[PDB]
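Undergrad: Quick one: this structure, given as structure tokens, is what I'll be asking you about.
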There are 2 protein chains.
Amino acid sequence: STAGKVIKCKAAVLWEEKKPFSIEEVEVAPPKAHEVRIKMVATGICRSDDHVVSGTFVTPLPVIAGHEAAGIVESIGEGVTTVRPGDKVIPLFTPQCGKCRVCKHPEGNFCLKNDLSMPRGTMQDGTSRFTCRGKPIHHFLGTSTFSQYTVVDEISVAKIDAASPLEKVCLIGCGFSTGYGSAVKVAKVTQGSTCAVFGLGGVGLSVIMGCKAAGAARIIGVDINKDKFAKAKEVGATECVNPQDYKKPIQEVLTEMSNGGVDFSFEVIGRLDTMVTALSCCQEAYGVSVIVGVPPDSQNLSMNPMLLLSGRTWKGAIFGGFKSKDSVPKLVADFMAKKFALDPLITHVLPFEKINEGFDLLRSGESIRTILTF
Amino acid sequence: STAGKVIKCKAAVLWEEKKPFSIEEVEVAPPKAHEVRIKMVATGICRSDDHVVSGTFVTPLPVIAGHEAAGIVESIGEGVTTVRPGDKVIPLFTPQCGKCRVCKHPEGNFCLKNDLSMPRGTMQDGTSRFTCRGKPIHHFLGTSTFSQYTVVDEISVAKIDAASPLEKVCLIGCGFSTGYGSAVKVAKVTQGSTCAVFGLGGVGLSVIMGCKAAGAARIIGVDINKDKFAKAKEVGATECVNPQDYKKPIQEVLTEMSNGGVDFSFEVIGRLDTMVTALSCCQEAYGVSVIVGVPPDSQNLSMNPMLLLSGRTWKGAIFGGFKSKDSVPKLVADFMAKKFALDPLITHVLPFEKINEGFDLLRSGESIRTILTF
Ligand SMILES: NC(=O)c1ccc[n+]([C@@H]2O[C@H](COP(=O)([O-])OP(=O)([O-])OC[C@H]3O[C@@H](n4cnc5c(N)[nH+]cnc54)[C@H](O)[C@@H]3O)[C@@H](O)[C@H]2O)c1
Ligand SMILES: NC(=O)c1ccc[n+]([C@@H]2O[C@H](COP(=O)([O-])OP(=O)([O-])OC[C@H]3O[C@@H](n4cnc5c(N)[nH+]cnc54)[C@H](O)[C@@H]3O)[C@@H](O)[C@H]2O)c1
Ligand SMILES: OCc1c(F)c(F)c(F)c(F)c1F
Ligand SMILES: OCc1c(F)c(F)c(F)c(F)c1F
Ligand SMILES: [Zn+2]
Ligand SMILES: [Zn+2]
Ligand SMILES: [Zn+2]
Ligand SMILES: [Zn+2]
């Protein structure tokens, strides 16, 4: 038995920015009250994890990163009521405390217990469950999935279907749900509309899936890497365009292609310039533009507010606008009922030991999602 | 009869920026096909007219400004079907052609025939109906209401109730409808919500009216001129704050007052800094901020897109989001049935010949709306 004991296990520790993960032994404390210890089964490589490595997103180091995953509960602390040992679970990088004003709001999902705004890199109680070489190691977004075992707060885990294939449904922990919800819930894409999607990685492909599910008539994918276009068309893009191919700015190209601007645009990259381009290419009176990409730390964009005064709507969201603990189990149930596909997002499946090779595939432009298996 | 003849009349001509209007004789050509010549009865002084004088809003000079008005049709050109001589009318600074993709959209109102986005200062046919001292004079937003007679395109005029008091309902041509619609139609303020309104001039007071009509529980007025607070409270503000009174930035003050951010905020001034402040003070996960104020020509704001990524919605609108020709007659009918009040906005009345004194009252901070009578 491991319950109530320290577990020594393998994890991928990030000791400093812009260095490889160190795959080595850590100690994982048992769960305290209202905490859950999870044996990980699969974890995806999201560009947001790479933002920690690159310093695009600032969080305390050293850290166990990883936030897109699925696993099996090993043990629960006193007072846990929502999961039991043996349950399949997805950790929730956006928690759902159920008590804060955001959790109580019909349209809010960015629970005030999140560790994204002012990252502390701890459990809810302000402490860490991880040690490595005698040093405390930070958590990441209350998840820390690049480890054979993690400990999460109960508000940061959802129970899912016992028959779930965890090597696929781990994508419901971030990339699929983010993109799909950004289209269907945040933008509320309408039947017959024209959409533009900037960035055709895992999250942008999931935005395309959602635009197609919502009945968009035209879905224009935009990427500087034309190798991304074939899969974008497979999942619903009707056209793809590469800004590098044009003498005009791409906002002008997209305005022309859409006979005066798109209904819905999505920034799914993480660049200030494409956030402003994406806003500009939506129709000036009734267009909607959604920011999904994570912008670089502490950098402001510049824009002319006449883009908004004419009638545009500009919004952003975390995790597709989904209330995480209510939504994740339903999204898994929908996947099991064949309501959407996840295989188009998975280009590579590697053992966890090859985490650094998986990050190199993402950085080279060669992968959509690599799933790491423990 | 004057039908088919040039009319000589008085108008307020703006020859140069940052100068008084010149009240002098102009020649007003008769209406061409699908044009309407109007004998003006009353016109309001809106801060946007002052933006023409100050070069905040660039439009070609020399010009006859004025856009908030009511009058009586003197004659109609060939093919006009929607008004007749003797009808009471309100000119529409945002037209409603009924044919463009915006007019056909259920939520658009910024008709593509507008002269706001890229001002030419002409009729739809690219020519002027005004001569002064033998020189052609520009139109303004297809309205030019600072004249005893004007000529407008048929898509820029609405027929209103024959029993309308024109010295009141002129406000439905801009300030009332803009503010009220910004709350009820654009923001869609909800019952029990907390609103913050930046700027307590005629348009911000109309925003407060709309927030109260929508059932907001708290309406916080924000102005650096504390003389504006009494009227704001009379029309529904529950609290007023002066940023000058505080050591901390007012976005932090309003976040504290609202226990974590407001539900709806409105920028009703025209400053880049207050546009960003108003966005910041709405709750980060579910808040909505609406830009109403007109920004200085060609100037960009700077902002951190993490304000949107957490969940905020940022939008703007012209004319409260109202489809102008459909909505203006209905707003007049509702005014006649006492569904809203206009007198709280009217602080001063002057004859048209005292237009410069009316602008002096606006610039000193003393007036809300001055109504000029012809
Ligand atoms: N809001 C959220 O909750 C959330 C969730 C998940 C991911 N993210 C962010 O979303 C973004 C996309 O993540 P991902 O899909 O995993 O990344 P990814 O797989 O790296 O995809 C990014 C795509 O953008 C393309 N690209 C780069 N520059 C440009 C350009 N100038 N114009 C057009 N295309 C360009 C690039 O070729 C690639 O295909 C990242 O910033 C993530 O951090 C946000
Ligand atoms: N979007 C539209 O369709 C539309 C229609 C009508 C007016 N406008 C614009 O709306 C704005 C307001 O017009 P209005 O009500 O006639 O103008 P106004 O009567 O000049 O009122 C503006 C108010 O802002 C106050 N103010 C100035 N600076 C600050 C500050 N830093 N903080 C807080 N308060 C401040 C000022 O004291 C005044 O009471 C102007 O920019 C107009 O051009 C837009
Ligand atoms: O990919 C999900 C995700 C985000 F949406 C962020 F905004 C972020 F800062 C982050 F670290 C993250 F992992
Ligand atoms: O006050 C109405 C009004 C506006 F809403 C503008 F955006 C503008 F540029 C302008 F000149 C104007 F008069
Ligand atoms: Zn919460
Ligand atoms: Zn992610
Ligand atoms: Zn139109
Ligand atoms: Zn106005």
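Labels for the structure tokens follow display order: chains A, B, ..., residues from 1 in each chain, ligands from 1.
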Give me, as a list in words, the contact residues of chain B against chain A at a cut-off of 6 Å, counting only C-alpha atoms.
TA: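 Applying the cut-off to the listed atoms yields residues 108, 110, 285, 286, 300, 301, 302, 303, 304, 308, 309, 310, 311, 312, 313, 314, 315, 316, 317 and 318 of chain B.
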Undergrad: Give me the residues within 10 Å of residue 114 in chain A as a PyMOL selection string, counting only C-alpha atoms and dropping any in the same chain fewer than 4 places off.
TA: chain A and resi 92-97+110+118-120+124+141-142+155-156
Undergrad: For the selection you just gave me, I'd like the residues written to a file as a PDB file, in the first residue's frame, keeping C-alpha atoms.
TA:
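Once written, again27.pdb looks like this:
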```
ATOM      1  CA  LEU A  92      -8.522  20.982 -13.575  1.00  0.00           C
ATOM      2  CA  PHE A  93      -6.000  23.827 -14.154  1.00  0.00           C
ATOM      3  CA  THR A  94      -8.935  26.201 -13.629  1.00  0.00           C
ATOM      4  CA  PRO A  95     -10.591  25.094 -10.401  1.00  0.00           C
ATOM      5  CA  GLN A  96     -14.303  25.183  -9.583  1.00  0.00           C
ATOM      6  CA  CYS A  97     -14.689  26.010  -5.879  1.00  0.00           C
ATOM      7  CA  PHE A 110     -12.259  31.806 -13.918  1.00  0.00           C
ATOM      8  CA  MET A 118      -0.881  35.772  -9.249  1.00  0.00           C
ATOM      9  CA  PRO A 119       0.883  32.392  -9.371  1.00  0.00           C
ATOM     10  CA  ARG A 120       2.116  31.048  -6.019  1.00  0.00           C
ATOM     11  CA  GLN A 124      -4.530  25.905  -1.809  1.00  0.00           C
ATOM     12  CA  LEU A 141      -1.804  25.745 -11.794  1.00  0.00           C
ATOM     13  CA  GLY A 142      -2.799  23.372  -8.962  1.00  0.00           C
ATOM     14  CA  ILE A 155     -11.732  21.708  -6.363  1.00  0.00           C
ATOM     15  CA  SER A 156      -9.055  20.983  -9.047  1.00  0.00           C
TER      16      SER A 156
END
```
Undergrad: Let's see if you can do this: from backbone DSSP, list all strand (DSSP E) residues in range 4-251 of chain A, as an mmCIF file with N, CA, C and O atoms, in the first residue's frame.
TA:
```cif
data_model
loop_
_atom_site.group_PDB
_atom_site.id
_atom_site.type_symbol
_atom_site.label_atom_id
_atom_site.label_comp_id
_atom_site.auth_asym_id
_atom_site.auth_seq_id
_atom_site.Cartn_x
_atom_site.Cartn_y
_atom_site.Cartn_z
ATOM 1 N N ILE A 7 5.340 8.905 -1.369
ATOM 2 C CA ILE A 7 5.683 8.095 -2.552
ATOM 3 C C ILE A 7 6.937 8.678 -3.172
ATOM 4 O O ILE A 7 7.006 9.894 -3.407
ATOM 5 N N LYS A 8 7.921 7.859 -3.453
ATOM 6 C CA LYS A 8 9.069 8.273 -4.287
ATOM 7 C C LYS A 8 8.753 7.814 -5.708
ATOM 8 O O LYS A 8 8.407 6.637 -5.939
ATOM 9 N N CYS A 9 8.795 8.728 -6.649
ATOM 10 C CA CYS A 9 8.387 8.395 -8.020
ATOM 11 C C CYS A 9 9.173 9.267 -8.983
ATOM 12 O O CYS A 9 9.933 10.177 -8.598
ATOM 13 N N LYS A 10 9.000 9.003 -10.257
ATOM 14 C CA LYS A 10 9.676 9.775 -11.307
ATOM 15 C C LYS A 10 8.871 11.024 -11.703
ATOM 16 O O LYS A 10 7.648 10.955 -11.796
ATOM 17 N N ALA A 11 9.528 12.152 -11.911
ATOM 18 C CA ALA A 11 8.859 13.360 -12.403
ATOM 19 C C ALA A 11 9.809 14.115 -13.317
ATOM 20 O O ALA A 11 11.032 13.830 -13.340
ATOM 21 N N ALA A 12 9.255 15.071 -14.052
ATOM 22 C CA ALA A 12 10.029 15.958 -14.927
ATOM 23 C C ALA A 12 10.107 17.313 -14.251
ATOM 24 O O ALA A 12 9.094 18.029 -14.209
ATOM 25 N N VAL A 13 11.262 17.616 -13.680
ATOM 26 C CA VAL A 13 11.425 18.842 -12.891
ATOM 27 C C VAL A 13 12.044 19.894 -13.803
ATOM 28 O O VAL A 13 13.040 19.629 -14.504
ATOM 29 N N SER A 22 14.386 17.908 -16.244
ATOM 30 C CA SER A 22 15.210 16.881 -15.595
ATOM 31 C C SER A 22 14.305 15.761 -15.124
ATOM 32 O O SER A 22 13.496 15.994 -14.230
ATOM 33 N N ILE A 23 14.467 14.575 -15.687
ATOM 34 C CA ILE A 23 13.629 13.399 -15.344
ATOM 35 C C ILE A 23 14.307 12.664 -14.189
ATOM 36 O O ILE A 23 15.348 12.015 -14.417
ATOM 37 N N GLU A 24 13.746 12.743 -12.991
ATOM 38 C CA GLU A 24 14.434 12.244 -11.789
ATOM 39 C C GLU A 24 13.442 11.990 -10.684
ATOM 40 O O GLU A 24 12.280 12.288 -10.841
ATOM 41 N N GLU A 25 13.935 11.424 -9.602
ATOM 42 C CA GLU A 25 13.083 10.973 -8.494
ATOM 43 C C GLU A 25 12.666 12.205 -7.686
ATOM 44 O O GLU A 25 13.523 13.036 -7.315
ATOM 45 N N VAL A 26 11.397 12.232 -7.347
ATOM 46 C CA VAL A 26 10.809 13.202 -6.404
ATOM 47 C C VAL A 26 10.110 12.442 -5.290
ATOM 48 O O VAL A 26 9.809 11.257 -5.448
ATOM 49 N N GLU A 27 9.836 13.154 -4.198
ATOM 50 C CA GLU A 27 8.974 12.621 -3.128
ATOM 51 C C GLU A 27 7.662 13.374 -3.184
ATOM 52 O O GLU A 27 7.652 14.635 -3.242
ATOM 53 N N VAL A 28 6.585 12.624 -3.158
ATOM 54 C CA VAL A 28 5.201 13.140 -3.175
ATOM 55 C C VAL A 28 4.555 12.810 -1.855
ATOM 56 O O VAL A 28 4.344 11.637 -1.536
ATOM 57 N N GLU A 35 -7.672 16.981 -0.224
ATOM 58 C CA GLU A 35 -6.709 16.795 -1.316
ATOM 59 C C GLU A 35 -6.783 15.369 -1.831
ATOM 60 O O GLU A 35 -7.326 14.470 -1.171
ATOM 61 N N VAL A 36 -6.289 15.211 -3.058
ATOM 62 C CA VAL A 36 -6.402 13.953 -3.829
ATOM 63 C C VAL A 36 -5.068 13.637 -4.447
ATOM 64 O O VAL A 36 -4.497 14.489 -5.129
ATOM 65 N N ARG A 37 -4.561 12.430 -4.237
ATOM 66 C CA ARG A 37 -3.308 12.000 -4.869
ATOM 67 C C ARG A 37 -3.644 11.052 -6.030
ATOM 68 O O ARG A 37 -4.433 10.134 -5.873
ATOM 69 N N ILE A 38 -3.087 11.394 -7.189
ATOM 70 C CA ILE A 38 -3.423 10.778 -8.495
ATOM 71 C C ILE A 38 -2.206 10.101 -9.099
ATOM 72 O O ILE A 38 -1.130 10.727 -9.158
ATOM 73 N N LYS A 39 -2.360 8.849 -9.530
ATOM 74 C CA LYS A 39 -1.350 8.175 -10.359
ATOM 75 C C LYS A 39 -1.645 8.555 -11.803
ATOM 76 O O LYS A 39 -2.722 8.254 -12.347
ATOM 77 N N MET A 40 -0.709 9.233 -12.413
ATOM 78 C CA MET A 40 -0.936 9.738 -13.779
ATOM 79 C C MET A 40 -0.873 8.603 -14.796
ATOM 80 O O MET A 40 -0.056 7.683 -14.664
ATOM 81 N N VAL A 41 -1.689 8.704 -15.832
ATOM 82 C CA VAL A 41 -1.705 7.697 -16.917
ATOM 83 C C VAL A 41 -1.256 8.343 -18.218
ATOM 84 O O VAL A 41 -0.449 7.733 -18.946
ATOM 85 N N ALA A 42 -1.713 9.542 -18.538
ATOM 86 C CA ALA A 42 -1.283 10.212 -19.774
ATOM 87 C C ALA A 42 -1.301 11.710 -19.554
ATOM 88 O O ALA A 42 -2.173 12.195 -18.815
ATOM 89 N N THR A 43 -0.402 12.418 -20.207
ATOM 90 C CA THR A 43 -0.380 13.882 -20.157
ATOM 91 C C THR A 43 0.013 14.427 -21.530
ATOM 92 O O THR A 43 0.903 13.876 -22.175
ATOM 93 N N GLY A 44 -0.659 15.484 -21.959
ATOM 94 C CA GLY A 44 -0.363 16.135 -23.231
ATOM 95 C C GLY A 44 0.669 17.218 -23.065
ATOM 96 O O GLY A 44 0.788 17.804 -21.994
ATOM 97 N N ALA A 69 -4.020 16.378 -18.582
ATOM 98 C CA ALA A 69 -3.687 15.008 -18.181
ATOM 99 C C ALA A 69 -4.924 14.259 -17.734
ATOM 100 O O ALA A 69 -5.985 14.814 -17.519
ATOM 101 N N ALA A 70 -4.706 12.964 -17.545
ATOM 102 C CA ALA A 70 -5.691 12.088 -16.933
ATOM 103 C C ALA A 70 -4.960 11.026 -16.129
ATOM 104 O O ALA A 70 -3.861 10.619 -16.486
ATOM 105 N N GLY A 71 -5.601 10.568 -15.080
ATOM 106 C CA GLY A 71 -5.029 9.515 -14.239
ATOM 107 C C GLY A 71 -6.062 8.838 -13.377
ATOM 108 O O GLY A 71 -7.270 8.923 -13.642
ATOM 109 N N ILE A 72 -5.566 8.091 -12.393
ATOM 110 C CA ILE A 72 -6.405 7.252 -11.508
ATOM 111 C C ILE A 72 -6.111 7.636 -10.064
ATOM 112 O O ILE A 72 -4.957 7.698 -9.675
ATOM 113 N N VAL A 73 -7.143 7.885 -9.275
ATOM 114 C CA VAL A 73 -6.946 8.256 -7.858
ATOM 115 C C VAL A 73 -6.270 7.124 -7.102
ATOM 116 O O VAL A 73 -6.766 5.986 -7.100
ATOM 117 N N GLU A 74 -5.179 7.483 -6.439
ATOM 118 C CA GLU A 74 -4.461 6.548 -5.535
ATOM 119 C C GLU A 74 -4.988 6.680 -4.103
ATOM 120 O O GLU A 74 -5.159 5.636 -3.415
ATOM 121 N N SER A 75 -5.253 7.895 -3.619
ATOM 122 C CA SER A 75 -5.775 8.073 -2.254
ATOM 123 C C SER A 75 -6.403 9.449 -2.125
ATOM 124 O O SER A 75 -6.130 10.343 -2.934
ATOM 125 N N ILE A 76 -7.223 9.593 -1.104
ATOM 126 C CA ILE A 76 -7.930 10.866 -0.832
ATOM 127 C C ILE A 76 -7.697 11.265 0.619
ATOM 128 O O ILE A 76 -7.577 10.393 1.494
ATOM 129 N N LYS A 88 -11.123 7.177 -12.381
ATOM 130 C CA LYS A 88 -10.463 7.970 -13.428
ATOM 131 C C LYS A 88 -10.809 9.430 -13.206
ATOM 132 O O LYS A 88 -11.953 9.762 -12.925
ATOM 133 N N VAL A 89 -9.808 10.272 -13.403
ATOM 134 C CA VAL A 89 -9.922 11.726 -13.131
ATOM 135 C C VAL A 89 -9.116 12.519 -14.136
ATOM 136 O O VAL A 89 -8.096 12.049 -14.663
ATOM 137 N N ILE A 90 -9.559 13.750 -14.290
ATOM 138 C CA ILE A 90 -8.815 14.784 -15.034
ATOM 139 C C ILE A 90 -8.574 15.925 -14.067
ATOM 140 O O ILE A 90 -9.513 16.515 -13.532
ATOM 141 N N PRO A 91 -7.293 16.300 -13.855
ATOM 142 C CA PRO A 91 -7.010 17.516 -13.084
ATOM 143 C C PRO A 91 -7.491 18.755 -13.828
ATOM 144 O O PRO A 91 -7.472 18.808 -15.065
ATOM 145 N N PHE A 130 5.676 18.403 -3.003
ATOM 146 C CA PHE A 130 6.804 17.841 -3.781
ATOM 147 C C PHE A 130 8.154 18.237 -3.202
ATOM 148 O O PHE A 130 8.373 19.418 -2.890
ATOM 149 N N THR A 131 9.059 17.277 -3.131
ATOM 150 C CA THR A 131 10.477 17.502 -2.778
ATOM 151 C C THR A 131 11.340 16.832 -3.860
ATOM 152 O O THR A 131 10.952 15.775 -4.376
ATOM 153 N N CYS A 132 12.482 17.399 -4.155
ATOM 154 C CA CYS A 132 13.461 16.787 -5.065
ATOM 155 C C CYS A 132 14.848 17.201 -4.607
ATOM 156 O O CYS A 132 15.076 18.408 -4.441
ATOM 157 N N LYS A 135 14.931 19.581 -1.839
ATOM 158 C CA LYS A 135 14.431 20.960 -2.058
ATOM 159 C C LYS A 135 12.944 20.909 -2.328
ATOM 160 O O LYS A 135 12.462 20.010 -3.006
ATOM 161 N N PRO A 136 12.171 21.882 -1.821
ATOM 162 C CA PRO A 136 10.768 21.971 -2.193
ATOM 163 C C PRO A 136 10.625 22.363 -3.669
ATOM 164 O O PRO A 136 11.377 23.173 -4.169
ATOM 165 N N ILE A 137 9.654 21.771 -4.342
ATOM 166 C CA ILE A 137 9.390 22.034 -5.774
ATOM 167 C C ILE A 137 7.966 22.603 -5.878
ATOM 168 O O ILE A 137 7.021 22.087 -5.234
ATOM 169 N N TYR A 149 3.066 10.667 -10.011
ATOM 170 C CA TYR A 149 2.016 10.975 -9.017
ATOM 171 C C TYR A 149 1.970 12.484 -8.797
ATOM 172 O O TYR A 149 3.016 13.114 -8.723
ATOM 173 N N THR A 150 0.774 12.987 -8.619
ATOM 174 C CA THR A 150 0.585 14.387 -8.183
ATOM 175 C C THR A 150 -0.436 14.426 -7.053
ATOM 176 O O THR A 150 -1.189 13.466 -6.841
ATOM 177 N N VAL A 151 -0.506 15.584 -6.392
ATOM 178 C CA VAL A 151 -1.544 15.853 -5.373
ATOM 179 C C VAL A 151 -2.218 17.143 -5.786
ATOM 180 O O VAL A 151 -1.502 18.097 -6.070
ATOM 181 N N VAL A 152 -3.536 17.104 -5.814
ATOM 182 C CA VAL A 152 -4.335 18.271 -6.192
ATOM 183 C C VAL A 152 -5.373 18.532 -5.121
ATOM 184 O O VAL A 152 -5.812 17.612 -4.415
ATOM 185 N N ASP A 153 -5.823 19.769 -5.054
ATOM 186 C CA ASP A 153 -6.987 20.108 -4.240
ATOM 187 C C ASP A 153 -8.233 19.513 -4.867
ATOM 188 O O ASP A 153 -8.325 19.429 -6.103
ATOM 189 N N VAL A 157 -10.061 18.776 -9.397
ATOM 190 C CA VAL A 157 -10.109 17.439 -10.026
ATOM 191 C C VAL A 157 -11.556 17.086 -10.328
ATOM 192 O O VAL A 157 -12.440 17.402 -9.521
ATOM 193 N N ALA A 158 -11.770 16.440 -11.471
ATOM 194 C CA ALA A 158 -13.099 15.917 -11.822
ATOM 195 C C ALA A 158 -13.025 14.418 -12.066
ATOM 196 O O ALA A 158 -12.133 13.937 -12.785
ATOM 197 N N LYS A 159 -14.013 13.725 -11.523
ATOM 198 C CA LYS A 159 -14.234 12.304 -11.829
ATOM 199 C C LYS A 159 -14.829 12.147 -13.224
ATOM 200 O O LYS A 159 -15.767 12.866 -13.568
ATOM 201 N N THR A 194 -19.264 33.092 -41.055
ATOM 202 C CA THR A 194 -17.880 33.021 -41.511
ATOM 203 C C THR A 194 -16.953 33.275 -40.326
ATOM 204 O O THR A 194 -17.058 34.295 -39.639
ATOM 205 N N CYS A 195 -16.055 32.334 -40.088
ATOM 206 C CA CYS A 195 -15.085 32.390 -38.988
ATOM 207 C C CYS A 195 -13.674 32.444 -39.545
ATOM 208 O O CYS A 195 -13.380 31.830 -40.598
ATOM 209 N N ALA A 196 -12.770 33.108 -38.831
ATOM 210 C CA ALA A 196 -11.329 33.079 -39.102
ATOM 211 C C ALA A 196 -10.614 32.604 -37.844
ATOM 212 O O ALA A 196 -10.861 33.124 -36.754
ATOM 213 N N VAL A 197 -9.725 31.641 -38.003
ATOM 214 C CA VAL A 197 -8.993 31.039 -36.874
ATOM 215 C C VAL A 197 -7.515 31.253 -37.112
ATOM 216 O O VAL A 197 -6.951 30.702 -38.079
ATOM 217 N N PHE A 198 -6.887 32.053 -36.260
ATOM 218 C CA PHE A 198 -5.440 32.333 -36.327
ATOM 219 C C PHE A 198 -4.708 31.356 -35.421
ATOM 220 O O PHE A 198 -4.830 31.418 -34.205
ATOM 221 N N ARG A 218 -18.294 29.013 -43.450
ATOM 222 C CA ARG A 218 -16.920 29.214 -43.919
ATOM 223 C C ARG A 218 -16.042 29.282 -42.663
ATOM 224 O O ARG A 218 -16.400 29.964 -41.686
ATOM 225 N N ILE A 219 -14.917 28.599 -42.700
ATOM 226 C CA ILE A 219 -13.945 28.581 -41.598
ATOM 227 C C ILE A 219 -12.571 28.743 -42.227
ATOM 228 O O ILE A 219 -12.082 27.821 -42.892
ATOM 229 N N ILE A 220 -11.991 29.923 -42.097
ATOM 230 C CA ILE A 220 -10.719 30.269 -42.745
ATOM 231 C C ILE A 220 -9.603 30.086 -41.744
ATOM 232 O O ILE A 220 -9.552 30.790 -40.717
ATOM 233 N N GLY A 221 -8.748 29.114 -41.978
ATOM 234 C CA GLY A 221 -7.585 28.910 -41.110
ATOM 235 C C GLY A 221 -6.430 29.778 -41.548
ATOM 236 O O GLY A 221 -6.192 29.941 -42.769
ATOM 237 N N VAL A 222 -5.722 30.334 -40.593
ATOM 238 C CA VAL A 222 -4.591 31.237 -40.854
ATOM 239 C C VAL A 222 -3.370 30.713 -40.106
ATOM 240 O O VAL A 222 -3.438 30.576 -38.878
ATOM 241 N N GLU A 239 -11.056 27.044 -46.161
ATOM 242 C CA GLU A 239 -9.932 27.740 -46.835
ATOM 243 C C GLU A 239 -8.791 27.770 -45.818
ATOM 244 O O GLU A 239 -9.121 27.769 -44.584
ATOM 245 N N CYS A 240 -7.534 27.875 -46.267
ATOM 246 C CA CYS A 240 -6.402 28.223 -45.405
ATOM 247 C C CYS A 240 -5.568 29.262 -46.112
ATOM 248 O O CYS A 240 -5.369 29.130 -47.334
ATOM 249 N N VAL A 241 -5.036 30.177 -45.334
ATOM 250 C CA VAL A 241 -4.202 31.255 -45.874
ATOM 251 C C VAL A 241 -2.974 31.430 -44.995
ATOM 252 O O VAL A 241 -3.038 31.305 -43.758
#
```
Undergrad: Suppose you want the space between CA of residue 351 in chain B and CA of residue 371 in chain B; what is it in Å?
TA: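 Distance reported for this atom pair: 8.2 Å.
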Undergrad: Find the nearest atom pair between each residue of chain B and ligand 8 for residues within 10 Å, count only C-alpha atoms and all ligand atoms, give distances in Å to one decimal, sort rows by chain and ascending number, and present the table as CSV.
TA:
```
residue,atom,partner,partner_atom_place_in_ligand_line,distance
B:44,CA,ligand 8,1 (Zn),8.7
B:45,CA,ligand 8,1 (Zn),8.0
B:46,CA,ligand 8,1 (Zn),4.8
B:47,CA,ligand 8,1 (Zn),6.5
B:48,CA,ligand 8,1 (Zn),5.0
B:49,CA,ligand 8,1 (Zn),6.9
B:50,CA,ligand 8,1 (Zn),9.6
B:51,CA,ligand 8,1 (Zn),9.8
B:66,CA,ligand 8,1 (Zn),8.4
B:67,CA,ligand 8,1 (Zn),6.5
B:68,CA,ligand 8,1 (Zn),6.2
B:93,CA,ligand 8,1 (Zn),8.4
B:171,CA,ligand 8,1 (Zn),9.0
B:173,CA,ligand 8,1 (Zn),7.9
B:174,CA,ligand 8,1 (Zn),4.7
B:175,CA,ligand 8,1 (Zn),5.6
B:176,CA,ligand 8,1 (Zn),9.2
B:177,CA,ligand 8,1 (Zn),9.7
B:178,CA,ligand 8,1 (Zn),7.9
B:202,CA,ligand 8,1 (Zn),9.5
B:203,CA,ligand 8,1 (Zn),8.3
B:293,CA,ligand 8,1 (Zn),9.8
B:294,CA,ligand 8,1 (Zn),9.5
B:318,CA,ligand 8,1 (Zn),9.4
B:319,CA,ligand 8,1 (Zn),8.1
```
Undergrad: When distances are computed from only C-alpha atoms and all ligand atoms, which of A:59, A:1, A:164, A:182 shows the smallest separation from ligand 1?
TA: A:182
Undergrad: Rounded to one decimal place, report the CA of residue 346 in chain A-CA of residue 254 in chain A distance in Å.
TA: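 The value is 28.9 Å.
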Undergrad: Could you check the closest approach to ligand 6 for each of A:214, A:63, A:184, A:268 and tell me which residue wins, using only C-alpha atoms and all ligand atoms?
TA: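 Closest residue, counting only C-alpha atoms and all ligand atoms: A:268.
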Undergrad: Would you please work out which residue, of A:369, A:78, A:281, A:250, is nearest to ligand 6 when using only C-alpha atoms and all ligand atoms?
TA: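 Ranked by minimum distance to ligand 6, first place goes to A:369.
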Undergrad: Neighbours of residue 5 in chain B within 8 Å (only C-alpha atoms; same-chain residues fewer than 3 positions away dropped), as number ranges by chain?
TA: B: 2, 29-30
Undergrad: Please run DSSP on the backbone and report, as a list in words, all residues within range 109-193 of chain B that come out as helix (DSSP H, G or I).
TA: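 So the helix (DSSP H, G or I) residues in range 109-193 of chain B would be residues 154, 155, 156, 166, 167, 168, 169, 170, 171, 172, 173, 175, 176, 177, 178, 179, 180, 181, 182, 183, 184, 185, 186 and 187 of chain B.
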Undergrad: Quick one: residues within 6 Å of residue 121 in chain A, only C-alpha atoms, excluding same-chain residues fewer than 3 positions away - as a ChimeraX atom specification?
TA: /A:60,138-140
Undergrad: How many Å separate CA of residue 84 in chain B from CA of residue 33 in chain B?
TA: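 Straight-line distance from CA of residue 84 in chain B to CA of residue 33 in chain B works out to 13.7 Å.
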Undergrad: Nearest to ligand 6 among A:83, A:14, A:257, A:170, with distances taken over only C-alpha atoms and all ligand atoms: which residue is it?
TA: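 When distances to ligand 6 are compared using only C-alpha atoms and all ligand atoms, the smallest one comes from A:170.
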